[PDB]
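Novice: Input: one structure, supplied below.
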Amino acid sequence: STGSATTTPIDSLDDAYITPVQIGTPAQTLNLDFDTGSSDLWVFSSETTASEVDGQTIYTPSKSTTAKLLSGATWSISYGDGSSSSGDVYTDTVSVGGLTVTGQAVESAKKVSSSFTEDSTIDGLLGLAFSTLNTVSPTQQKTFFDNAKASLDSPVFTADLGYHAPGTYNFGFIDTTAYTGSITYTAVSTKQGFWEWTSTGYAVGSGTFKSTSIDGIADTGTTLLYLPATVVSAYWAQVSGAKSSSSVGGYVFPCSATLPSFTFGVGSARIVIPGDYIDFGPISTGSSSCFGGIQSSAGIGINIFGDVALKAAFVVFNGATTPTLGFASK
Ligand SMILES: c1cnc2c(c1)ccc1cccnc12
């Protein structure tokens, strides 16, 4: 089997991407944030604290004839950005663009943190990292990809995020018309539960490529590209007026600037992120200071190849016996 769904930016900055997901019987369609940096499929629901729901579409397990409460199971997640959510668990039918999983754990939110409530466009998350990170207790649950894997034509999923435009998540197949050239595959470590790989280096604009190992994760659930301080300082040094702002919380630059591109290495291959992809607009409404799309990972503890990097490539999340990541220009 295969599945194919369109993923859409939630706003004009591509802060996140939403993909419609069918849950239950009859189908309840929620727009979820497909996240390769986490492993919980959780949704806003009829059980979420009323004051914490503001515009989101909710999953009502009592209206699904296939929903079964998973006895004694609870979940609780805390994300890298400070957000959190928790609740109980049901098993139900979940479909993504024609691909169906029966008995998928659907984590129903009883509580969500302010940033989830404030984002009316995201009805929940669909985790695509390794099931070892799933927070369901006392019995850990599998991701949608893990549950579907055996049935897929090929044990893979691909991320093709668009820049200011719709894109696609495919399950079970590689669309050879969605990229140019060839896909370069690279080793993945699953030790931390992430799609963790090692970039071979970088270049800023038309500059000399620096060969240096950058260990990081391919994370569709993180907006920006988080890299070592030395790398990020080298990038922003090429932008007149750019500086690290402690008050804003990162590198900012004059909105009138034209940004240089950023290239990252995947083995001997190179992915070029166009400069416009690194512009995240005014730091505050009407400001002429803009927020950078490339930021230091010094405070995080891990480098993150978020949507800024991933949307410049056709990305293969290969769930073969030994998982690997594939990247191609597009
Ligand atoms: C991810 C993280 N931080 C940001 C954005 C996206 C977009 C704009 C912005 C403006 C000021 C500070 N942070 C951000």
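Residues in the structure tokens are named by chain (A, B, ... in the order shown) and by number from 1 within that chain; ligands are numbered from 1 in the order shown.
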Per DSSP on the backbone, what are the helix (DSSP H, G or I) residues of region 39-245 of chain A, as a PyMOL selection string?
Specialist: chain A and resi 50-52+61-63+114-118+131-133+144-151+229-236
Novice: Could you list, as a PDB file with N, CA, C and O atoms, in the first residue's frame, every residue within 8 Å of residue 100 (chain A), counting only C-alpha atoms and ignoring same-chain residues fewer than 6 positions away?
Specialist:
```pdb
ATOM      1  N   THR A  93      -8.991   4.045  13.992  1.00  0.00           N
ATOM      2  CA  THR A  93      -8.513   3.969  12.623  1.00  0.00           C
ATOM      3  C   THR A  93      -7.993   5.332  12.217  1.00  0.00           C
ATOM      4  O   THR A  93      -8.647   6.351  12.457  1.00  0.00           O
ATOM      5  N   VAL A  94      -6.810   5.368  11.611  1.00  0.00           N
ATOM      6  CA  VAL A  94      -6.207   6.616  11.187  1.00  0.00           C
ATOM      7  C   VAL A  94      -5.779   6.470   9.736  1.00  0.00           C
ATOM      8  O   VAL A  94      -5.145   5.478   9.392  1.00  0.00           O
ATOM      9  N   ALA A 148       2.221   1.244   9.943  1.00  0.00           N
ATOM     10  CA  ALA A 148       1.956   1.027   8.526  1.00  0.00           C
ATOM     11  C   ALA A 148       3.065   0.309   7.781  1.00  0.00           C
ATOM     12  O   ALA A 148       2.801  -0.258   6.725  1.00  0.00           O
TER      13      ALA A 148
END
```
Novice: Just want the 10 Å neighbourhood of residue 248 (chain A), counted on only C-alpha atoms, with same-chain residues fewer than 2 positions away dropped. Output as a ChimeraX atom specification.
Specialist: /A:244-246,250-252,283-284,291
Novice: Mind dumping the selected residues with N, CA, C and O atoms as a CSV table (one decimal), in the first residue's frame?
Specialist:
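The resulting out-v8.csv:
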```
chain,number,residue,atom,x,y,z
A,244,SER,N,23.4,39.3,16.8
A,244,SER,CA,22.7,38.4,17.7
A,244,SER,C,22.0,39.3,18.8
A,244,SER,O,22.7,40.2,19.4
A,245,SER,N,20.7,39.2,18.9
A,245,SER,CA,19.9,40.1,19.9
A,245,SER,C,19.5,39.2,21.1
A,245,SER,O,18.7,38.3,20.9
A,246,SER,N,20.0,39.6,22.3
A,246,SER,CA,19.6,38.8,23.5
A,246,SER,C,18.1,39.1,23.8
A,246,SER,O,17.4,38.2,24.2
A,250,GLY,N,17.8,35.8,19.4
A,250,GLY,CA,18.5,35.2,18.2
A,250,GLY,C,19.0,36.3,17.3
A,250,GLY,O,18.9,37.5,17.6
A,251,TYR,N,19.6,35.9,16.2
A,251,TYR,CA,20.1,36.7,15.1
A,251,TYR,C,19.0,37.4,14.4
A,251,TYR,O,18.0,36.8,14.0
A,252,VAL,N,19.1,38.7,14.3
A,252,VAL,CA,18.2,39.6,13.6
A,252,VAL,C,19.0,40.4,12.5
A,252,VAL,O,20.2,40.4,12.6
A,283,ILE,N,10.5,41.1,13.6
A,283,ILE,CA,10.6,40.6,14.9
A,283,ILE,C,9.4,40.9,15.8
A,283,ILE,O,9.0,40.2,16.7
A,284,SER,N,8.6,42.0,15.4
A,284,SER,CA,7.4,42.4,16.0
A,284,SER,C,6.6,43.2,14.9
A,284,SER,O,7.3,43.7,14.0
A,291,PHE,N,13.7,38.6,11.7
A,291,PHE,CA,14.3,37.4,12.4
A,291,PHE,C,14.9,36.4,11.5
A,291,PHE,O,14.3,36.1,10.5
```
Novice: Within 10 Å of region 58-71 of chain A, counting only C-alpha atoms, which residues qualify if same-chain residues fewer than 6 places away don't, as a tab-separated table (two decimals) with N, CA and C atoms, in the first residue's frame?
Specialist:
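That gives us result_8.tsv:
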```tsv
chain	number	residue	atom	x	y	z
A	22	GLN	N	-7.43	11.60	8.72
A	22	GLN	CA	-8.78	11.09	9.02
A	22	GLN	C	-8.66	10.19	10.24
A	23	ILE	N	-9.49	10.44	11.24
A	23	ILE	CA	-9.47	9.63	12.46
A	23	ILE	C	-10.87	9.16	12.78
A	24	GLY	N	-11.01	7.88	13.07
A	24	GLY	CA	-12.29	7.34	13.51
A	24	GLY	C	-13.27	6.96	12.43
A	25	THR	N	-14.45	6.53	12.87
A	25	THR	CA	-15.56	6.13	12.00
A	25	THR	C	-16.88	6.69	12.53
A	26	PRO	N	-17.59	7.53	11.75
A	26	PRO	CA	-17.15	8.11	10.47
A	26	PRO	C	-15.90	8.98	10.67
A	27	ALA	N	-15.19	9.26	9.59
A	27	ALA	CA	-13.97	10.05	9.64
A	27	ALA	C	-14.16	11.42	10.28
A	28	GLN	N	-13.21	11.79	11.12
A	28	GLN	CA	-13.12	13.12	11.71
A	28	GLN	C	-11.79	13.60	11.17
A	29	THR	N	-11.79	14.62	10.32
A	29	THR	CA	-10.56	15.09	9.71
A	29	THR	C	-9.95	16.19	10.54
A	30	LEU	N	-8.72	15.99	11.01
A	30	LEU	CA	-7.99	17.01	11.75
A	30	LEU	C	-6.72	17.38	10.95
A	31	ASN	N	-6.26	18.63	11.05
A	31	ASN	CA	-5.05	19.06	10.37
A	31	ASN	C	-3.90	18.96	11.37
A	42	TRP	N	-0.95	12.99	18.81
A	42	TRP	CA	-1.88	13.55	19.79
A	42	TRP	C	-2.79	14.57	19.17
A	43	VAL	N	-4.01	14.68	19.69
A	43	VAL	CA	-4.98	15.60	19.11
A	43	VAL	C	-5.72	16.40	20.15
A	44	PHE	N	-6.15	17.62	19.74
A	44	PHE	CA	-7.13	18.42	20.48
A	44	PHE	C	-8.42	17.58	20.44
A	45	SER	N	-9.18	17.57	21.55
A	45	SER	CA	-10.33	16.69	21.62
A	45	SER	C	-11.48	17.24	22.43
A	46	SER	N	-12.59	16.49	22.45
A	46	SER	CA	-13.75	16.77	23.29
A	46	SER	C	-13.37	16.74	24.81
A	47	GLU	N	-12.21	16.18	25.16
A	47	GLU	CA	-11.70	16.09	26.53
A	47	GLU	C	-10.76	17.24	26.91
A	48	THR	N	-10.32	18.07	25.94
A	48	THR	CA	-9.38	19.15	26.21
A	48	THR	C	-10.05	20.21	27.04
A	88	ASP	N	-5.30	11.23	27.80
A	88	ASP	CA	-5.50	9.79	27.76
A	88	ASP	C	-5.38	9.25	26.33
A	89	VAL	N	-5.58	7.94	26.13
A	89	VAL	CA	-5.30	7.31	24.86
A	89	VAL	C	-6.44	6.44	24.43
A	90	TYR	N	-6.73	6.49	23.14
A	90	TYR	CA	-7.68	5.62	22.47
A	90	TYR	C	-6.91	4.91	21.36
A	91	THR	N	-7.45	3.81	20.89
A	91	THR	CA	-6.98	3.20	19.65
A	91	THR	C	-8.12	3.47	18.67
A	92	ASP	N	-7.76	3.84	17.44
A	92	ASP	CA	-8.77	4.13	16.42
A	92	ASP	C	-8.16	4.00	15.03
A	93	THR	N	-8.99	4.04	13.99
A	93	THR	CA	-8.51	3.97	12.62
A	93	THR	C	-7.99	5.33	12.22
A	102	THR	N	-5.33	0.52	11.25
A	102	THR	CA	-6.36	0.27	12.27
A	102	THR	C	-5.62	0.06	13.59
A	103	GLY	N	-6.24	0.44	14.69
A	103	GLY	CA	-5.65	0.25	16.01
A	103	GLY	C	-4.51	1.19	16.32
A	104	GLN	N	-4.44	2.34	15.62
A	104	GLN	CA	-3.39	3.33	15.90
A	104	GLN	C	-3.69	4.00	17.24
A	105	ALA	N	-2.66	4.22	18.09
A	105	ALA	CA	-2.87	4.95	19.32
A	105	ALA	C	-3.08	6.43	18.99
A	106	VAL	N	-4.24	6.94	19.39
A	106	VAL	CA	-4.61	8.34	19.22
A	106	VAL	C	-4.63	8.93	20.61
A	107	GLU	N	-3.66	9.81	20.88
A	107	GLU	CA	-3.53	10.40	22.19
A	107	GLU	C	-4.43	11.64	22.34
A	108	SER	N	-5.45	11.53	23.16
A	108	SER	CA	-6.44	12.59	23.34
A	108	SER	C	-5.97	13.60	24.40
A	109	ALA	N	-5.88	14.89	24.03
A	109	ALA	CA	-5.40	15.88	25.00
A	109	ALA	C	-6.46	16.30	26.00
A	123	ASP	N	-4.33	21.21	14.84
A	123	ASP	CA	-5.24	20.38	15.62
A	123	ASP	C	-4.54	19.26	16.41
A	124	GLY	N	-3.23	19.16	16.26
A	124	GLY	CA	-2.43	18.16	16.95
A	124	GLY	C	-1.17	17.82	16.19
A	138	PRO	N	1.40	3.09	30.92
A	138	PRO	CA	2.59	2.26	31.16
A	138	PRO	C	3.05	1.44	29.96
A	139	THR	N	2.30	1.47	28.85
A	139	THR	CA	2.65	0.68	27.67
A	139	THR	C	2.92	1.60	26.50
```
Novice: So that I can check the surroundings of residue 303 (chain A), please list as a ChimeraX atom specification every protein, DNA and RNA residue that reaches within 6 Å of it, counting only C-alpha atoms and ignoring chain neighbours fewer than 5 positions away.
Specialist: /A:216,226-227,297
Novice: Applying 9 Å and only C-alpha atoms, which residues near region 258-261 of chain A remain after dropping the ones on its own chain fewer than 6 positions away? List them as a list in words.
Specialist: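 Result of the neighbour search: residues 203, 204, 205, 206, 235, 238, 239, 272, 273, 274, 275, 276, 277, 278 and 279 of chain A.
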Novice: I need the chosen residues saved as a compact mmCIF listing (two decimals), in the first residue's frame, with C-alpha atoms.
Specialist:
```
# COMPACT_ATOMS: atom_id res chain seq x y z
CA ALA A 203 28.96 27.10 2.54
CA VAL A 204 27.59 30.67 2.89
CA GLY A 205 26.40 32.11 -0.46
CA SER A 206 29.06 31.67 -3.16
CA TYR A 235 26.51 32.98 8.01
CA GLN A 238 27.80 38.03 5.48
CA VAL A 239 24.64 40.11 6.13
CA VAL A 272 21.33 24.83 -1.38
CA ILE A 273 18.85 26.77 0.78
CA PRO A 274 18.00 30.00 -1.08
CA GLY A 275 18.50 33.21 0.93
CA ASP A 276 14.77 34.13 0.91
CA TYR A 277 14.07 30.86 2.84
CA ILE A 278 16.06 32.32 5.80
CA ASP A 279 13.86 35.46 6.17
```
Novice: Name each residue within 8 Å of ligand 1, counting only C-alpha atoms and all ligand atoms, as a list in words.
Specialist: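 Checking only C-alpha atoms and all ligand atoms against ligand 1 at 8 Å gives residues 13, 15, 222, 223, 224, 248, 249, 250, 280, 281, 282, 283, 284, 290, 291, 292 and 293 of chain A.
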Novice: Could the residues in this selection be written to a file with N, CA, C and O atoms, as an mmCIF file, in the first residue's frame?
Specialist:
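Saved file result35.cif follows:
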```cif
data_model
loop_
_atom_site.group_PDB
_atom_site.id
_atom_site.type_symbol
_atom_site.label_atom_id
_atom_site.label_comp_id
_atom_site.auth_asym_id
_atom_site.auth_seq_id
_atom_site.Cartn_x
_atom_site.Cartn_y
_atom_site.Cartn_z
ATOM 1 N N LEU A 13 4.872 32.800 6.724
ATOM 2 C CA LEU A 13 6.270 32.578 7.065
ATOM 3 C C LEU A 13 6.673 31.115 6.996
ATOM 4 O O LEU A 13 7.836 30.838 7.257
ATOM 5 N N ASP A 15 5.792 28.910 9.240
ATOM 6 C CA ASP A 15 6.166 28.598 10.626
ATOM 7 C C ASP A 15 6.013 27.102 10.950
ATOM 8 O O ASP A 15 6.729 26.562 11.791
ATOM 9 N N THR A 222 10.325 21.357 13.596
ATOM 10 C CA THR A 222 11.043 22.557 14.023
ATOM 11 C C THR A 222 11.085 23.503 12.826
ATOM 12 O O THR A 222 11.380 23.070 11.717
ATOM 13 N N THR A 223 10.727 24.767 13.024
ATOM 14 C CA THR A 223 10.655 25.718 11.917
ATOM 15 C C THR A 223 12.009 26.055 11.316
ATOM 16 O O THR A 223 12.180 25.999 10.105
ATOM 17 N N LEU A 224 12.980 26.386 12.170
ATOM 18 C CA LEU A 224 14.251 26.929 11.763
ATOM 19 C C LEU A 224 15.391 25.938 11.671
ATOM 20 O O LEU A 224 15.226 24.767 11.978
ATOM 21 N N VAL A 248 15.640 39.805 21.600
ATOM 22 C CA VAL A 248 14.785 39.088 20.652
ATOM 23 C C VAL A 248 14.929 37.573 20.816
ATOM 24 O O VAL A 248 13.943 36.857 20.736
ATOM 25 N N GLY A 249 16.128 37.104 21.122
ATOM 26 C CA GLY A 249 16.377 35.683 21.324
ATOM 27 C C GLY A 249 17.042 35.016 20.136
ATOM 28 O O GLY A 249 16.862 33.814 19.910
ATOM 29 N N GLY A 250 17.817 35.785 19.376
ATOM 30 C CA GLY A 250 18.510 35.238 18.217
ATOM 31 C C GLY A 250 19.020 36.297 17.275
ATOM 32 O O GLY A 250 18.922 37.490 17.552
ATOM 33 N N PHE A 280 12.516 35.367 8.208
ATOM 34 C CA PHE A 280 11.295 35.060 8.971
ATOM 35 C C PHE A 280 10.523 36.326 9.383
ATOM 36 O O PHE A 280 9.718 36.291 10.326
ATOM 37 N N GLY A 281 10.716 37.406 8.620
ATOM 38 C CA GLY A 281 9.939 38.625 8.763
ATOM 39 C C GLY A 281 10.197 39.432 10.012
ATOM 40 O O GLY A 281 11.018 39.064 10.852
ATOM 41 N N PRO A 282 9.428 40.509 10.171
ATOM 42 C CA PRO A 282 9.623 41.394 11.332
ATOM 43 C C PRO A 282 9.609 40.712 12.695
ATOM 44 O O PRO A 282 8.784 39.821 12.960
ATOM 45 N N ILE A 283 10.527 41.146 13.576
ATOM 46 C CA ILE A 283 10.615 40.626 14.941
ATOM 47 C C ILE A 283 9.353 40.916 15.754
ATOM 48 O O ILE A 283 9.020 40.166 16.678
ATOM 49 N N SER A 284 8.645 41.989 15.391
ATOM 50 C CA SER A 284 7.386 42.415 15.983
ATOM 51 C C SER A 284 6.638 43.166 14.905
ATOM 52 O O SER A 284 7.267 43.734 14.023
ATOM 53 N N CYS A 290 14.251 42.122 11.127
ATOM 54 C CA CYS A 290 13.689 40.825 10.761
ATOM 55 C C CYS A 290 14.386 39.681 11.505
ATOM 56 O O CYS A 290 15.569 39.777 11.789
ATOM 57 N N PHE A 291 13.683 38.560 11.720
ATOM 58 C CA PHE A 291 14.251 37.428 12.444
ATOM 59 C C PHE A 291 14.899 36.408 11.494
ATOM 60 O O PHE A 291 14.329 36.057 10.470
ATOM 61 N N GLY A 292 16.091 35.953 11.848
ATOM 62 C CA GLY A 292 16.823 35.009 11.017
ATOM 63 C C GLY A 292 16.301 33.590 11.078
ATOM 64 O O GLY A 292 15.855 33.129 12.121
ATOM 65 N N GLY A 293 16.401 32.895 9.968
ATOM 66 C CA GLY A 293 15.983 31.501 9.832
ATOM 67 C C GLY A 293 17.063 30.505 10.214
ATOM 68 O O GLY A 293 16.794 29.301 10.277
#
```
Novice: Can you list, as number ranges by chain, every protein, DNA or RNA residue that comes within 7 Å of residue 232 (chain A) when you count only C-alpha atoms, leaving out same-chain residues fewer than 5 positions away?
Specialist: A: 227, 294-296
Novice: If you measure from CA of residue 9 (chain A) to CA of residue 167 (chain A), what distance in Å do you get, rounded to one decimal?
Specialist: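 These two atoms are separated by 8.7 Å.
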Novice: Give the strand (DSSP E) residues of region 139-329 of chain A, as assigned by DSSP on the backbone, as a ChimeraX atom specification.
Specialist: /A:156-160,167-171,184-187,196-204,210-218,225-227,243-245,250-254,262-266,269-273,279-282,289-292,294-296,303-305,313-318,324-329
Novice: Keeping C-alpha atoms for every residue in the selection just given, could you write it to a file as a PDB file, in the first residue's frame?
Specialist:
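result10.pdb written:
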```pdb
ATOM      1  CA  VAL A 156       9.787   4.679   3.670  1.00  0.00           C
ATOM      2  CA  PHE A 157       8.112   8.065   3.912  1.00  0.00           C
ATOM      3  CA  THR A 158       9.168  11.256   2.102  1.00  0.00           C
ATOM      4  CA  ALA A 159       8.903  14.920   3.076  1.00  0.00           C
ATOM      5  CA  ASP A 160       8.579  17.448   0.253  1.00  0.00           C
ATOM      6  CA  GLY A 167       3.952  20.217  -0.620  1.00  0.00           C
ATOM      7  CA  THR A 168       3.601  16.495  -0.051  1.00  0.00           C
ATOM      8  CA  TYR A 169       4.137  13.661   2.423  1.00  0.00           C
ATOM      9  CA  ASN A 170       4.227  10.295   0.677  1.00  0.00           C
ATOM     10  CA  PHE A 171       4.250   6.903   2.460  1.00  0.00           C
ATOM     11  CA  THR A 184      22.142  10.775  -1.702  1.00  0.00           C
ATOM     12  CA  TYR A 185      21.720   8.522   1.311  1.00  0.00           C
ATOM     13  CA  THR A 186      23.464   9.054   4.617  1.00  0.00           C
ATOM     14  CA  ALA A 187      23.818   7.085   7.888  1.00  0.00           C
ATOM     15  CA  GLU A 196      20.003  11.840  13.522  1.00  0.00           C
ATOM     16  CA  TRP A 197      22.635  12.137  10.772  1.00  0.00           C
ATOM     17  CA  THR A 198      25.982  13.891  10.074  1.00  0.00           C
ATOM     18  CA  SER A 199      26.233  16.689   7.566  1.00  0.00           C
ATOM     19  CA  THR A 200      29.581  16.920   5.823  1.00  0.00           C
ATOM     20  CA  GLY A 201      29.789  20.726   6.006  1.00  0.00           C
ATOM     21  CA  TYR A 202      28.529  24.020   4.707  1.00  0.00           C
ATOM     22  CA  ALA A 203      28.957  27.104   2.540  1.00  0.00           C
ATOM     23  CA  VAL A 204      27.593  30.666   2.891  1.00  0.00           C
ATOM     24  CA  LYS A 210      33.870  24.174   4.748  1.00  0.00           C
ATOM     25  CA  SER A 211      34.311  20.388   5.341  1.00  0.00           C
ATOM     26  CA  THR A 212      33.213  19.856   8.938  1.00  0.00           C
ATOM     27  CA  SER A 213      31.014  17.209  10.610  1.00  0.00           C
ATOM     28  CA  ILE A 214      27.710  18.568  11.890  1.00  0.00           C
ATOM     29  CA  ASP A 215      25.677  15.991  13.811  1.00  0.00           C
ATOM     30  CA  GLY A 216      21.994  16.935  13.796  1.00  0.00           C
ATOM     31  CA  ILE A 217      18.405  15.727  13.380  1.00  0.00           C
ATOM     32  CA  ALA A 218      16.073  15.926  10.340  1.00  0.00           C
ATOM     33  CA  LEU A 225      17.749  25.633  11.052  1.00  0.00           C
ATOM     34  CA  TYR A 226      19.743  25.373  14.338  1.00  0.00           C
ATOM     35  CA  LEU A 227      23.504  25.003  13.837  1.00  0.00           C
ATOM     36  CA  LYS A 243      23.500  40.853  14.914  1.00  0.00           C
ATOM     37  CA  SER A 244      22.674  38.442  17.719  1.00  0.00           C
ATOM     38  CA  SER A 245      19.946  40.051  19.862  1.00  0.00           C
ATOM     39  CA  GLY A 250      18.510  35.238  18.217  1.00  0.00           C
ATOM     40  CA  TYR A 251      20.094  36.735  15.131  1.00  0.00           C
ATOM     41  CA  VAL A 252      18.169  39.572  13.582  1.00  0.00           C
ATOM     42  CA  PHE A 253      18.911  41.524  10.381  1.00  0.00           C
ATOM     43  CA  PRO A 254      17.583  44.592   8.506  1.00  0.00           C
ATOM     44  CA  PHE A 262      23.207  28.490   2.811  1.00  0.00           C
ATOM     45  CA  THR A 263      24.522  25.183   1.491  1.00  0.00           C
ATOM     46  CA  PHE A 264      24.768  22.016   3.610  1.00  0.00           C
ATOM     47  CA  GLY A 265      26.578  18.808   2.699  1.00  0.00           C
ATOM     48  CA  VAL A 266      24.983  15.369   2.450  1.00  0.00           C
ATOM     49  CA  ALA A 269      26.158  16.116  -2.429  1.00  0.00           C
ATOM     50  CA  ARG A 270      25.070  19.693  -1.610  1.00  0.00           C
ATOM     51  CA  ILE A 271      21.672  21.112  -0.716  1.00  0.00           C
ATOM     52  CA  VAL A 272      21.335  24.831  -1.378  1.00  0.00           C
ATOM     53  CA  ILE A 273      18.853  26.772   0.779  1.00  0.00           C
ATOM     54  CA  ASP A 279      13.860  35.461   6.166  1.00  0.00           C
ATOM     55  CA  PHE A 280      11.295  35.060   8.971  1.00  0.00           C
ATOM     56  CA  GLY A 281       9.939  38.625   8.763  1.00  0.00           C
ATOM     57  CA  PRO A 282       9.623  41.394  11.332  1.00  0.00           C
ATOM     58  CA  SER A 289      14.269  44.386  12.058  1.00  0.00           C
ATOM     59  CA  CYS A 290      13.689  40.825  10.761  1.00  0.00           C
ATOM     60  CA  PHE A 291      14.251  37.428  12.444  1.00  0.00           C
ATOM     61  CA  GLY A 292      16.823  35.009  11.017  1.00  0.00           C
ATOM     62  CA  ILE A 294      19.456  30.199  10.856  1.00  0.00           C
ATOM     63  CA  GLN A 295      20.035  30.285  14.614  1.00  0.00           C
ATOM     64  CA  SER A 296      22.562  28.940  17.131  1.00  0.00           C
ATOM     65  CA  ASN A 303      21.737  20.711  15.932  1.00  0.00           C
ATOM     66  CA  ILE A 304      18.350  20.758  14.157  1.00  0.00           C
ATOM     67  CA  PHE A 305      17.819  20.603  10.420  1.00  0.00           C
ATOM     68  CA  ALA A 313      15.254  19.229  -0.437  1.00  0.00           C
ATOM     69  CA  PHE A 314      13.210  16.122  -1.274  1.00  0.00           C
ATOM     70  CA  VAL A 315      13.829  14.068   1.894  1.00  0.00           C
ATOM     71  CA  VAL A 316      13.541  10.287   2.258  1.00  0.00           C
ATOM     72  CA  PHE A 317      13.040   8.862   5.742  1.00  0.00           C
ATOM     73  CA  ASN A 318      14.084   5.287   5.054  1.00  0.00           C
ATOM     74  CA  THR A 324      18.984   5.975   6.611  1.00  0.00           C
ATOM     75  CA  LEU A 325      18.069   9.472   5.307  1.00  0.00           C
ATOM     76  CA  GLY A 326      18.084  10.434   1.652  1.00  0.00           C
ATOM     77  CA  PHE A 327      18.343  13.981   0.317  1.00  0.00           C
ATOM     78  CA  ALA A 328      17.949  15.288  -3.200  1.00  0.00           C
ATOM     79  CA  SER A 329      17.795  18.784  -4.686  1.00  0.00           C
TER      80      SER A 329
END
```
Novice: Quick one, how far is CA of residue 18 (chain A) from CA of residue 322 (chain A)?
Specialist: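 Rounded to one decimal, the two atoms are 28.7 Å apart.
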Novice: Separation of CA of residue 142 (chain A) and CA of residue 111 (chain A), in Å?
Specialist: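 Straight-line distance from CA of residue 142 (chain A) to CA of residue 111 (chain A) works out to 21.7 Å.
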